[PDB]
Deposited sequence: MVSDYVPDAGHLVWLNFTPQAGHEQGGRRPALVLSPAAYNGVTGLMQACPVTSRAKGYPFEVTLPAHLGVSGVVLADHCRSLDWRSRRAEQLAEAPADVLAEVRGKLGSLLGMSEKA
């Protein structure tokens, strides 16, 4: 009965494989079965679209703000891991929004 919400960090399966930061709100995610999410990676390079996660959340690394995509979280067995703070969400949205021309 879990529904991912904006700011959740979830494990998602791919063919639990990979963590991701949810950007879209639960209102959309629950209804559609889809969500917009950005991948978390351990491989931090100083790329300008990286957003560092704080230390004691349960997953380490950086969010790749420019790698957002629509994902079927139902089929991929989304499982909540942690929640990101508001500033991480704002930095991801601000950087992606810049790239998208918003």
- Message: Comparing the deposited sequence against the modelled residues, what ranges come up empty for C-alpha?
- Response: 1-3, 19-26, 114-117
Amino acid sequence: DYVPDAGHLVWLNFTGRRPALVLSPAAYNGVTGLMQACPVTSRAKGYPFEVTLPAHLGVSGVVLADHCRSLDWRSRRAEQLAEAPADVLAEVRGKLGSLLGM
From here on, numbers count along this sequence of modelled residues.
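Rigid core: the largest C-alpha set superposing within 1.5 Å between the two forms.
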- Message: Between 40-48 and 62-70, which one shows the bigger average Cα displacement from this form in 4 other deposited structures of this protein once the rigid core is aligned?
- Response: 40-48
- 52-60 versus 25-33: which one's CA atoms end up farther from this form in 4 other deposited structures of this protein after a core fit? 52-60
- Give the stretch, out of 63-71 and 49-57, with the larger mean C-alpha temperature factor in the deposited entry. 49-57
- Task: Would you mind comparing 73-81 and 33-41 for me and telling me which has the higher average C-alpha temperature factor in the entry?
- Result: 73-81
- Could you tell me which third, lowest, middle or highest, the C-alpha B-factor of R17 occupies within its chain? highest
